[PDB]
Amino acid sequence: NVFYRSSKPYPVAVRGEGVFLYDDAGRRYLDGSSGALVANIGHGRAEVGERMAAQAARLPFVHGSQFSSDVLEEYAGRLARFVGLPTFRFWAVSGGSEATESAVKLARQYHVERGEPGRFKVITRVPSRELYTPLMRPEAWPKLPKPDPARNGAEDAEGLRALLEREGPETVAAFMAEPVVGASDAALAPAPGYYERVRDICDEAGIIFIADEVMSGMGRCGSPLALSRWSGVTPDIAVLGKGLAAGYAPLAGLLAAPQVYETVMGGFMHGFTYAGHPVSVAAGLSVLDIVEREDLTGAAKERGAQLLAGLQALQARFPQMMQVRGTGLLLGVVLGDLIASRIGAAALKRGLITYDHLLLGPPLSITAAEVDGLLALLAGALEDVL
């Protein structure tokens, strides 16, 4: 009675242990992409399950329009401190899209509250009521060129000033970007100096800098927030998701600078039935305890380096691997002729889960031996197809 996403055959999963998944045929798979870069701390954590059970028995649900909860109050502070934004305000939601839309809405409202309704444009980067209707206009979404990792970071970032100049800085509300790109361009990352310059340009222009960390955050890239890898730069709004509760509960949200929060509170949103959901928040808190206790951020750095080195080593045997990239445990492989689905299918056949581009990112808790196993499975898939 399941409405499958497509007519293809869907294996039925029955168990998840660590970095592995098992189906109802006994087949075992190494979760090379943590599902969709979601299962950051691995599968089968009884610790998280116990925490969710305790919250369900104590206080499972309250609607945010009526009550806050002790677990949300606790988690908000814990999360803010972990990511290095101790004074920021946490807006909890159930998914990444809700979190992203909340961020955009907030950026727009911020300027309207300050008496600057002319600021409505939201700049985004390739390849990633009456007060809000301007966001519906095509002109509200100007595009910044794709970053060029081979160019001096600050110089590359200056492209933002150029765009602002032609758009008219007084018409711009914000600039939103994934510090390290996800699926759109597998693990593409700007050169050093890029975000430091972006932060400064945004401050000069008076626009809100939104960091989309839905995929790159929570230790994934070897740092609490990937943006911090660039001289500790901090955004005005950080968007979180997927890895927040690491697959244990539908949890996402954003962290807003005090200035932004206070502006909107003076003079935010209504729906979201499960926004701030106690059981889901408890899952996030338990996951955070683990991320910190096991120093998975540090683990992502070490294991990420090992996996990247392995992918680079494979290029000699498979020169069809046009480019290999990685920041922490968010890596990418660009393929070409001297398909990503063809190699993905072959990988699955061999028991390797993956996301012309291949996005890789196993659980931050993966062991060194398991990283080598992942590489061996990938080599087999490449051999089958190439």
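Don't overthink the numbering: it's just position in the shown sequence, from 1.
According to the record, 1 to 3 deposited residues between residue 267 and residue 268 are left without atomic coordinates. In the deposited entry, the stretch joining residue 29 to residue 30 is continuous, with no residue of the deposited sequence left without coordinates. Looking at 60-68 and 343-351 together, the entry lists the larger mean B-factor for 343-351, computed on C-alpha atoms. Checked against the record, the higher mean CA B factor of 164-172 and 244-252 lies with 164-172. Note on the listed residues 150, 283, 221, 93: the highest Cα temperature factor in the record is that of 150. Residue-level inspection of the entry shows that, of 212, 236, 185, 200, 185 has the top Cα B-factor. Residue 137: CA B factor lies in the highest third for its chain, per the PDB record. In the deposited entry, the Cα temperature factor of residue 108 places it in the lowest third of its chain's modelled residues. Residue 18: CA B factor lies in the middle third for its chain, per the PDB record.
Among the modelled residues of its chain, residue 102 has a C-alpha B-factor that falls in the lowest third, as given in the PDB entry. Looking at the C-alpha B-factors along this chain, the one for residue 179 belongs to the lowest third.
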